[PDB]
Each structure stands twice: as C-alpha cells, then as structure tokens.
Amino acid sequence: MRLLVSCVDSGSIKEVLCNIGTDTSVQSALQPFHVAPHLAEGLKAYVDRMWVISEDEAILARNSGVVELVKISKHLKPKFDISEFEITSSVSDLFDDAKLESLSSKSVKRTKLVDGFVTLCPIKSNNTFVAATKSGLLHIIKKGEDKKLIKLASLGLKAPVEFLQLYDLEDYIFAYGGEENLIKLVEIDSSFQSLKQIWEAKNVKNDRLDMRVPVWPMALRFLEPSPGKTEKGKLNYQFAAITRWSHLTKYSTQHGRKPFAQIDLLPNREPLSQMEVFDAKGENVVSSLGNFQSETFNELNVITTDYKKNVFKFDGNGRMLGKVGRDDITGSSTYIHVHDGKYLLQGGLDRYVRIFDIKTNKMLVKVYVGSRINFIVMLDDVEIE
Amino acid sequence: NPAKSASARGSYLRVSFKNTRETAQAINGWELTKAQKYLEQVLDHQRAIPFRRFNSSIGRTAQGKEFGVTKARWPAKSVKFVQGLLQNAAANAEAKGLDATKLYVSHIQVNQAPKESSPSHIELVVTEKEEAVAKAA
Amino acid sequence: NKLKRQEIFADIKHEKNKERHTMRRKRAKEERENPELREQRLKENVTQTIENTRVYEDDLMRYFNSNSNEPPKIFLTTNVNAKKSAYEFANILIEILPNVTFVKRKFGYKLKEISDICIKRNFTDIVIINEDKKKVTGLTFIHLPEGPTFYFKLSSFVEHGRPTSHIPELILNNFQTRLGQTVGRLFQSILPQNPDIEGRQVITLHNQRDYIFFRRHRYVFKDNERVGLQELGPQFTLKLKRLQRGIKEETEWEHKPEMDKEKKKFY
Amino acid sequence: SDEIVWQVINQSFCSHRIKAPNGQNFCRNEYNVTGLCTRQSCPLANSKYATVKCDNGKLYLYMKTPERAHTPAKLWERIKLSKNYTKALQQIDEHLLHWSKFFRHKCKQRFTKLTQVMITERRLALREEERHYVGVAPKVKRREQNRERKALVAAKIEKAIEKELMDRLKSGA
Amino acid sequence: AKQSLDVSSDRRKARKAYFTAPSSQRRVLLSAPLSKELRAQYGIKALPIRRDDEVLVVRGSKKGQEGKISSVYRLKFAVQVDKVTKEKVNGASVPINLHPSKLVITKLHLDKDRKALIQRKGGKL
Amino acid sequence: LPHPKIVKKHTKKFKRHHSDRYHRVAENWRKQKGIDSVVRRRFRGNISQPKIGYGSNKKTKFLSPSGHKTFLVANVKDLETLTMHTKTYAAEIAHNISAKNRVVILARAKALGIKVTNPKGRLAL
RNA sequence: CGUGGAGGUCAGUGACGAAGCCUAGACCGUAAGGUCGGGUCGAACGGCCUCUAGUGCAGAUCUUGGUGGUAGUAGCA
RNA sequence: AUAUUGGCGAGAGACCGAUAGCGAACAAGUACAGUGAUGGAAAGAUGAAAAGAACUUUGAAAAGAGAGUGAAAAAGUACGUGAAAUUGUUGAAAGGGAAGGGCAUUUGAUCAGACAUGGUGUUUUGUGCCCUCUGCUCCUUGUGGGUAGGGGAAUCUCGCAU
C-alpha cells in the first residue's frame, strides 16, 4: 500500500511504501520498500489538512496560511514506483490570529493559541474546494481552468470553530462548532457570497449538581433524513456529534433543537476527539466525506480517540465495543481515518504509522517516521512484487 | 557505596566459632596489604591475635602489648579460613576493577551456623579508601 | 519426601563443584602452555548480560527548548501546603539551576492563570516539586511557551562535598532512544550552558536503564591516564512520565506497569 | 402491629444495624431521618414516617402512611421540594401539619444538610487540581526498588564519568 | 444439585480420584474445545486431544499464538505445543506445559476411530 | 464541636507485674492472685492497678483529641449513615479496604463534611 | 473481653493485597482487649444477632522442640 | 426382625489440621534398640512453569564474586509466611562493690501537626428543572410523580454559574 504521512517536526510529507504485515519495530520482520521525505518547510509551516483528488493531483493546507495544489508524478528507482511532488499554485494569508488571541482570555488551556485549518473538502468533478479556520474564517478556494488556485470568497463564522462538516446526502449545507459554541447549521448560496444560519442547537437540561453542562463538540457526522411525516417549519437533518466532555450527542432536527440523547461514553468526563464512522463487518457505509448513509442512529458505529493513549469503539447507544490496538499504541492519537470501510489509518504523538483491520481488530502495518503525525491518507492498496 | 565495594562470604564452615570472632575483629578496619601480611606473621609466630571476649586460660605474652591486651594466641586454623576469604575478596575486587593498594576491610562479620558441631558463617566486605581532591580560588 | 530430597541434591551439588572445577584446573594447566586456547573460549562463551540482550529538528531545538541565547529564568514553585523538606529541596535546586525564583504558591491561580503571569514577567520554564507525606516524591519540568512537559519520580536522596560558586559542566550517558534524547534535551536546556572549566565541577545524568541518576563531582587530573573524583551535592534517582505535549493537555509516553513486563525495551 | 415489630428489632435483630464503638446504633435503612436508630426514629418500627432524600439534584420528601401496611410497593409517597430554601421549608411545614414535632424539625434538618451537601458543586467548579490519588501496589513498590538497586550496580557511574572526562579533554585539549 | 446417591460431593475423594487417575481416564480429562468454525462444520463442542492436530492458545502469556501438538504429557496433565517454546539461558529450547482447557483446536487429525468418535457424539464430518 | 476539656485520669498503660523482668510474661494486664503479692496488697512504690475510679467522664468518653467519636467504615453505604452526625462522629476507613476503594470513600466524605481520622493511608500522589 | 467451629446477617472486607508477623508509630477502652498508620507478606478473612466447645497459662524436680551462661573451661593416655 | 471396633465396597460429619488427628499425611510398624518375647520414633508446603542459576572469575576441595531466569529468589532443592529465646556486626546511651520498677521532669534522638480556604449580605450578567405557551405519561386524593416542543428576561434570586 501507499500512504501520505503528514509530518510536523520536519514540516513535510513522508511517503510510506510497504506491504501488509510490515513492522519496523521488529528487525527480522518485513521492511517498508521506500520512505520518502518531501517539501521540508520547517516546524513553522506544517501541513494541517489534505485532500486526494485523483491519481496525479492532491491539495494541501499549511499552518503558515498557505493552501497549495500539488501535482503527483511517478517514476522508477523490486519493481516499485516512487512519487514526485511539485507545488503548482499557492493561495496564502488565510489565518487571523487577532480574533483567537483576543477571545480566549483563559477559555481552557493554550498559551500560543495557534490558528489551524479544521477542514479541507470538495463542495460537490467540480475543481472547487472549501477551507475553514479556527478563527471563524471560511475560504472558497476554486481551482481554475489553467490549473491555478483562486479565492472566490472569504466568509465569516462565530468563533471558535473546531470541526466543520458538509452535507452530501441529496435524498449547499454544512454544520460547525467549538468551545462554548453550539452546533449551528448554515446554508450557502451557489454564488458562494451568502451564508445563512438556518438552525442552532440548544444545550441539554442541567446535571445533578444544577451546573451547566459544558459544550465543546469536536466532530460531527450526518445521517440521511428522518422518515415519516415531515413537520412544517422544522427542518429534516439527522446527525450525531462527539464532545470534549465524553458526550456522544445525537440530534434530530425533526424532533427538536435539543439533542434527543446525550450519552457519556467514558466516566470522569474524559476528553474525546475525531468521530469516525465504520461498520462491524468491514464494509463501506459512508460517502466521500465520511457521513453515514442511513435513516437510523442504531446502525451507527463510531471510532473516537482520547488524549491518554487509547482509541475507542462505540455503537449508536454508547455501549463500549472494544479498544483498537491496546498493546502497540503507547502515545496519543492525533489522527484517525476509516479508509474504504475495511481499513483504519492511525498515527499520533508516539510517531508511528499504524494500519488496522476493521473486522479482526488486527494491526497490519507499523512504520517508524521519526516525526509527529497529524494526518494520513491512503492512495492505493495494490501489492508490490 | 556498592560501586566501591567487593565482598566474600563463607557459609557452614567447620571452624571453631569463638576463635573466628577474635581473628575477625583483630583484622577489622585494616588495609588489605597490611592485613594479609599480618596473618602471615601470625602463622609464623611473629605476631599474635588479641583475644578479648572468649579468652579463658590463654597464655600471657609480650606480643599483645601492640593491642593493649595481656592475653594472645596463634590460632592457625581460624586464620587459614580468614586469609582464604581475604584472598577471594581481593580477586572479587579485581574482577570488578578496583584499586588494590587503597583497599581496606570495612565490614567483617561472623555468626553461628546450624548444628555436636559448632560451625560458623563468615562474611567480609572490602572497600576503596577515596581521598583524591583539589581546590581553586 | 524432603528427607530423601535434601541428601540427594546436597550430594549432587557437592559432586558438581568437584567436577566443575577439576575440569577448570585441567583448563588452567593447558592454558599455561598455550595462551591461544583461552582466546577461543572467550569468543564462544559470552557473559550475556541484560545490556547485551536489550530487545532493541534544528528548528525544534530552539522552539521547544532553551538555547545559548538568553539566560533562562526558571519559575520554581511548590505544591500547595508543603512542609520543611520541600523548601529544603528547593534550596538544593536554588544552587544547581541557572536563574531560579522561588514562588510561594498561595491557593488558586489554577494553571493557565499562572501561565498568564509568567508570560508577562517573561519566564522560560516552570518547575514544581510535590509532597504526599514528609518525603519529596515528584518533580515536574514544563516549558512555558508551547508546553513540552516532563514528570519525574524521586526514590533516593542521601546527605560531604560543599561546592564553590563556580558553574558546573554537564555530562550525559546512554540516550540512544529518541525519547531518551528528548529528555537529554530537557537537561541540556534547563541546566546552565556556561561551563567555566576552572572550579572543576561536573554534573552527570547517567541513564543505563529507564532510571536516571544525577550526581556532582570534583575531578583531579594526574598525567598517568587517570582521574580522581569525590562525591558532592545531592544523591538522586529520577523516573520519566507523561510528556504532556501541551501545557498539560495531551500525552506522549505516560508510564504504565503494563511496562516492566518486558524486562527490556528502555525508553 | 408495630410495638411487636420494634421489640423484635431492638434486640433479636434489626439486620441493618451498625454498632459503633461508642455503643451507638445506626439503621442504614435508606429512608430514615436520623442516621441513628431508636424507637420511632427508624422507619420500620414506626408506621407514620417522613424523610427527605435525594435521587438526583431533586430533593424529594418521602412519606409513609399506615394505610399502606398491606402494600410495600407504593409505601413511600413523595413530593418535590422546589429549590429555594425559604419556600422549601414552608413547603415542608404544610406536609407535616398535625404530626409529631420530631418529623417537623427533623425533615427540616435533613433538607438543611442535604442542601449544604450541594457544596459538592463548589468543590467541582473550583476543582482544577494537579494532584489526584494514586495507589501504591506492593508489586510496583519492588519493581521500582529492586530494579534501581540493580541499576546502580550495573551503572558504574564513576567509570562512566572517568571515561567521558578523558574522552572530552583529550578532544578539547 | 446432587440427586443421585452413587455420586459423591466430597472434596477429599474427588481430588484423590483426579490425581490418582489412570492414563485412560486422563485422556478424557484432557479435552479441548473446538473453534467456532469447526463447531459449525462438525456440530460438536469438545473432544479429547492427540498429537498430529493443530491448536490455538486462548489463555495465558502465550495468548493468540498457535501451532501443532507435539506430545500429550498425560502424567503432568499437560500438552506441549511445538513452536510454543521457552528459550533457556544456554540457548536450548524447552516446551511450555499448556493445559487443554485453555487451548482451542483449529484443525483436527481425523483417523478411523476419531471419525467414529465424532459420529458417536452427534457429528457430521 | 464545642466540647468539654477532655480529662484522661491515667494516660500511662496499665502493664502487668514482672512484665518487664521476664520475657514470657506479657505486658497485657493480669491481676496478681497470690495472697503474699505486694501489688495485690497495694504497697507504696509498686505499680498502679486498673480500678473503676480511672473511668472516663461519660460526656467525653470515646472521644479522640479532635473531639469526635471514632467510627469504622467499610464502604460508601456505611459512610452515609453519618450524614447527620458530622460534628459528633469521624470516619475511620478500615485497615483492609484497598487503595482502589479509598479514593472513592475520601471523595464522598470530603463532600459530606465528614472528618476522616486516617486519610493518606495507602495513597501517594 | 478473647479463641476454634455452627446457623443467620452485613447484596461486609479482599491480588489496586485476606490471614499472619514485626514496629524508638497513633487512637480508644479503668481493664480483659479493641481499632488504625508503617514495614514485611501471599489467599483467604471479619463485625453484628444467636449456637456450640478438646476455648484463655508463669510455674506442676510439667511434656515436646529450640537456644544460652558455664567455656574455648575440665578434657584428648 | 437382631449382633458386628474384622473383611469387602460406598455415603457422610456443628470432628482433628502436622507437639493435633491412628504409632505412621513422607523410603512407617519403616529407621533403630533389645539374646529374645517385644519396644519403637523423627520427618508435610520452591514456583504457575525448573525457567534448579548458562557463562566469566576466586579455591586441590569446602564455598564465594560477577552475570542471569522468575511476578517475587526480600521463593533457592539449608527452598511459603519466618515469631521468641539466643548470636554477631553497626549506631546510640550508661557503668566508683548490683540492675530492672513507680511518681515527676530536663536534656539528646525522634515521630505526629489540614489536596483546611470559606461564611454572610448586596451588584453586573449569563443559563436552567425559572417565568410563559403547548404537551405527554405512571398512578392514588391532594399537600402527587416522571418526562417533550417553542419563546423570554426590559423583574427576579427561583436556582446555579461568573
């Protein structure tokens, strides 16, 4: 298989070329064919988010402010074909550090309070992408006909943002949120100039202590709209979310503004992140943007990560479905992804790439990279002779 | 410091216990080179072991004046066991890689064993004597 | 049948030592005539210690750790409601660390509220010592911007040196592991980068296991290929934990007892 | 009746008593006002019995009528007690109309303490504490003792410094 | 609950019967369960264990490791699985004594009487 | 609690006669039964005997120096019997309770305002 | 007040360390003794209402086992 | 129908738990003693698995030292826990032909000694189980309980957060 491992300590892309059963930790085990550092731009300009477009084209987003379109090209160097990376276009200066440094007068805990990209995805065969920052900015960067990136419109949102998820289930709409920021649904116009907040979430009733329940949603995934008689005025958007306070929260807009079920996944309000969607049998059940393709919450199965060392699995009702790689993962997990519905991509602060099988909960690939990973994408899984 | 130490031990040794106690404390706190030379002199009746606790009917000699005791004896067998251990502890020190010249017995200890017989355990721990120092204004 | 067993194996142990060493006395006698025969024994027959059987960038240097550009100011605090031994311990860190200020910590100012002060006052590192009972137990080094943070455990402190006002020279041992050299990185940063050669003071940070020992010494050079050294300063043992990555929010290693099971690895 | 219930649990077993070293007796039947147990201060012996409890933050006052001696399923009738202290003590009073002055001020007293148990929130808003209790399991107490003593022995710190001073000041001559 | 008067619930009698059991009774006492795949195929829960059949270890330090049984040590109530071996300090190899309740059979060794044993217990080879 | 000044009458332990001379004779109190014993006939100079006069004041009996009565506690259920007697009684976490359960007990007793006589038992930081 | 076992109960305690053993450690009980901290340990155990007995030791030129002073003494023909 | 400390074979116990229980839980009517008839003990427990300490080194041997296995050798075929008498070493103290004890105190050594932090009365706001609009549901007597969708603070301390 072939991977694009985003490195931060060097500020680059390391390219993993290997087979299934590759283990760098054991010397007598299988080795990866080629490791390849590309575009080393220092710690100050590390890659936040990516998107693989096709066989020979992939977009990037760096923490210096730069969104870059990069051309992939293959050549020879047994019988393996390494990749070359060349920056064609670059749209820069897309962060606003002034907003975030002014707002968080001790929000929770961050001294530097760096603005990064929260998403990088396509709007629709479009050549049209979106990119959102933590300071409430949204940039509609469209790739031109001459293969050059141009910014159509910069848009404003209520800070601070942490996740932003588009809705690609026809049956433009998106949702976003962050620390003491509720989940708000915003409709975009086809001109990409107008944004309209059509809906806002409500926080649940108080706990035992009559304290206000903390609100910090970390990721959202959409479901296909609720069946039956659609009420007038009330919109039809089924979706779930994960907070930093262990709350797997599930929203049906047809039901109401308050989520119908908030579920504490772990005790002691352990911080959680990155809501992925998988299926128990190792199948593809999602769109290109990871949104679950069903009309019920009970079919949903989720993978989420804490900040201690663990990767968890949960169903639609908060029942614990087993940890992922309890033995091998010694550090945290910065990034997880369910690729193809039958593979898991994982790599955190312990500085190892891990590829887990979904069905058997078995680790396939372990690759030492020497740098903190924040992003992984699989290009292909065709074997090398 | 265990890094600056070597230790020999003999167990269940068929020696007289009461004689071993005297020849152990006679050699306690001494430099290794002076210690081994002393026991050679005890074997050849040049010097005698000062007997202090278990010392009934010991013949009074002039050689005890070194230690401020009237009574003293030449116990060949007990000393033979002790210098065997000291030779062993010397090789234990050179196994670790200690200095031979600055070596001295710090802790030598002897206690009774299971019995009639009257056997005895001996253990001795040799140590470096570390000086080596300077200053600056 | 203990009474049978006792005699049988005592005699077997007695039989084995005779046979073991009669073999060796013959070994000694053949070695006197031929030195070469001994050489081949040492090749095949190996001592097989634990160390032998172990089960196997520049931008960073400045951004996460303090370099030779400024004097690093270290905000030495103590865990709330601590007693004599903690301040007694602070007096040992008052000498060894470069530019320490002791801050009496008076309840509240949670952690981020501290960070606000040491941004304004412009400190580099925070160090906090804690006590469960009358003994000192844990030591926490944090870097004030960004927040690479290291936690430690002390199980040894024993107290004839009495040092000068001269600044000690650093030395580190066994940090092959990358997690080891990121801790080696901390002690390169947090301790002074001055070394004044004269005054002859050396601070070590030996790490042959996962245990790190720091000591001070006085080195005297004789021209016959040897150096002498006297014990000085505090006796010490540390254990790495956590690597919290943010100020306190994230982890990188966090010791569990799920290790010690390997008997090897050593991070 | 109830006098026959009392004498049979006063001695001859109330199988939820705690004999404190003070000689004191404590009924742990979740529905008693005084944690101590005495005649008509424990909820089994008495037939008319009031109590304040909490299931969530909602402080209910349970009430036991002798009407329901037949049916233990619905013995304790319960009423929510607003949330403000002043109106709640007034809320209490009306329920306790024409009862013993025991339950009158003692449910008032239960409510008082259980409301100042909601000093939990005070401890849990201004928490942010950098300590947390850690167990010291005696296996770990020797994995981190007998391996340090084995570390120092194999360490040979003196020889390590003696090497890396000569190896330094030969190269830095 | 015990209903029969023939069977004894005494600890002393039961422990003696087990430790002084003959080799033939110890064959039945050293039974292993079959994996869910073989249970689906053959329609049987558990069988006595032999040599030339494969096995997967479920419980213990050697968790998840598999292999093929070398020798049923009936005296020590143990199996010795090949390639599940503890390496001694002299470089030699010594097999770990596993117990067949902790094991799970993955691939049986079908003989004639073994086929008859499956057919007796309600099987379908 | 505003308590009276706790008088003890006899702070010293009532040891046995010849408990110090002989080793087989325990320090646990036993009366001297012999008619010719000086301790029994209470001669001057000899050891003081335990008698009813040394009995503690009823109002200040069983009270620790803090002014609380001691009370053993096994779990959170037994702890919550003292919801009404925080000023009078004090939670003594029993010796055999694990370190895993004590962190739970100490959390609740801190919230209820119950003074625990033995915190920091098995619990480091 | 304490010990071995029995019935009942505490949805008791317990490999996150039961029982035992120590401890220049602390508290309670006039006391018999009870409770707790620390150290050592490795698998069961305790409070409460009752039952039952081969139930509580300083002695008996007590029985058994172990260990001293005598003593490196008399002694080895 | 009745007897039964033997034999053969079971089922049990408010029994004993290794100085007990049969003399014997083990090379027990054995070792051994007596001319002989006979008399007749002591002695259980490494671990989960021997993984029973390879290999270097000290000694003719007896035992040690490095090093390692194991969760633990702080479990070594002297092997679970390891008490007291008693013995050595080290440290502290005392000692002019007696010590130990009781009452009281000094000196020396030493251990305890809050993850205690508020309480009350006003004032910004912001939320909710608060006001208000619309409900739904368990049951028993009014003095009920649980639980949704919206709105709203310009009234309201009703509670909790700042």
# chains A, B, ... in the order shown; residues from 1 in each chain; ligands from 1
call {"tool": "select_by_dssp", "arguments": {"residues": "region 59-123 of chain B", "states": "strand (DSSP E)", "output": "list in words"}}
result
residues 72, 73, 103, 104, 105, 106, 107, 108, 109, 110, 111, 112, 120, 121, 122 and 123 of chain B
call {"tool": "write_last_selection", "arguments": {"atoms": "N, CA and C atoms", "output": "tab-separated table (two decimals), in the first residue's frame"}}
result
chain	number	residue	atom	x	y	z
B	72	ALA	N	47.03	-13.36	74.41
B	72	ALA	CA	47.11	-13.51	72.95
B	72	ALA	C	47.49	-14.94	72.55
B	73	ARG	N	47.02	-15.36	71.38
B	73	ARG	CA	47.25	-16.72	70.88
B	73	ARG	C	47.55	-16.72	69.37
B	103	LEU	N	42.76	-0.53	49.18
B	103	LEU	CA	41.71	-1.43	49.64
B	103	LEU	C	41.81	-1.73	51.14
B	104	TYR	N	40.67	-1.68	51.82
B	104	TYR	CA	40.59	-1.99	53.25
B	104	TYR	C	39.27	-2.69	53.60
B	105	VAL	N	39.33	-3.63	54.54
B	105	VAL	CA	38.13	-4.29	55.06
B	105	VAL	C	37.34	-3.33	55.96
B	106	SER	N	36.09	-3.08	55.58
B	106	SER	CA	35.22	-2.17	56.32
B	106	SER	C	34.30	-2.94	57.28
B	107	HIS	N	33.60	-3.94	56.73
B	107	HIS	CA	32.65	-4.74	57.49
B	107	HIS	C	33.01	-6.22	57.41
B	108	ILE	N	33.54	-6.75	58.52
B	108	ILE	CA	33.74	-8.19	58.68
B	108	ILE	C	32.89	-8.69	59.85
B	109	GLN	N	32.11	-9.74	59.58
B	109	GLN	CA	31.06	-10.21	60.46
B	109	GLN	C	31.07	-11.74	60.50
B	110	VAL	N	30.94	-12.29	61.70
B	110	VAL	CA	30.96	-13.75	61.90
B	110	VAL	C	29.90	-14.18	62.91
B	111	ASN	N	29.01	-15.08	62.49
B	111	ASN	CA	27.94	-15.61	63.34
B	111	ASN	C	27.73	-17.11	63.16
B	112	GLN	N	27.12	-17.73	64.17
B	112	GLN	CA	26.98	-19.19	64.28
B	112	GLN	C	26.13	-19.82	63.17
B	120	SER	N	30.26	-22.04	61.64
B	120	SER	CA	30.16	-20.57	61.60
B	120	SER	C	30.15	-20.00	60.18
B	121	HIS	N	29.32	-18.97	59.99
B	121	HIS	CA	29.31	-18.17	58.77
B	121	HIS	C	30.27	-17.00	58.93
B	122	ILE	N	31.03	-16.71	57.87
B	122	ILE	CA	31.87	-15.51	57.81
B	122	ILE	C	31.52	-14.73	56.54
B	123	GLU	N	31.37	-13.41	56.69
B	123	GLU	CA	31.31	-12.50	55.55
B	123	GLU	C	32.16	-11.26	55.80
call {"tool": "interface_residues", "arguments": {"of": "chain H", "to": "chain D", "cutoff": "10 Å", "atoms": "only C-alpha atoms (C1' of nucleotides)", "output": "PyMOL selection string"}}
result
chain H and resi 71-72+74+115+129+139-140+143-145+157-161
call {"tool": "interface_residues", "arguments": {"of": "chain A", "to": "chain D", "cutoff": "9 Å", "atoms": "only C-alpha atoms", "output": "ChimeraX atom specification"}}
result
/A:207-211
call {"tool": "residues_around", "arguments": {"residues": "residue 166 (chain D)", "least_positions_apart": "2", "cutoff": "12 Å", "atoms": "only C-alpha atoms (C1' of nucleotides)", "output": "list in words"}}
result
residues 219, 220, 221, 222, 223, 224, 225, 226, 227 and 228 of chain C; 159, 160, 161, 162, 163, 164, 168, 169, 170, 171, 172 and 173 of chain D
call {"tool": "residues_around", "arguments": {"residues": "residue 212 (chain C)", "least_positions_apart": "2", "cutoff": "6 Å", "atoms": "only C-alpha atoms (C1' of nucleotides)", "output": "list in words"}}
result
residues 206, 207, 237 and 238 of chain C
call {"tool": "residues_around", "arguments": {"residues": "residue 194 (chain A)", "least_positions_apart": "4", "cutoff": "12 Å", "atoms": "only C-alpha atoms (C1' of nucleotides)", "output": "VMD selection string"}}
result
chain A and resid 138 140 153 to 157 172 186 to 190
call {"tool": "write_last_selection", "arguments": {"atoms": "C-alpha atoms", "output": "PDB file, in the first residue's frame"}}
result
ATOM      1  CA  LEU A 138     -14.199  30.115   5.503  1.00  0.00           C
ATOM      2  CA  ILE A 140     -13.975  29.083  -1.050  1.00  0.00           C
ATOM      3  CA  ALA A 153     -14.969  34.463  -1.384  1.00  0.00           C
ATOM      4  CA  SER A 154     -13.870  34.771   2.248  1.00  0.00           C
ATOM      5  CA  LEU A 155     -16.715  34.166   4.713  1.00  0.00           C
ATOM      6  CA  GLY A 156     -17.300  34.782   8.437  1.00  0.00           C
ATOM      7  CA  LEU A 157     -18.485  32.497  11.246  1.00  0.00           C
ATOM      8  CA  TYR A 172     -25.260  23.553  -0.081  1.00  0.00           C
ATOM      9  CA  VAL A 186     -25.537  27.291   7.790  1.00  0.00           C
ATOM     10  CA  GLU A 187     -26.834  27.243   4.193  1.00  0.00           C
ATOM     11  CA  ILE A 188     -24.528  28.547   1.418  1.00  0.00           C
ATOM     12  CA  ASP A 189     -25.686  30.102  -1.874  1.00  0.00           C
ATOM     13  CA  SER A 190     -24.447  28.840  -5.288  1.00  0.00           C
TER      14      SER A 190
END
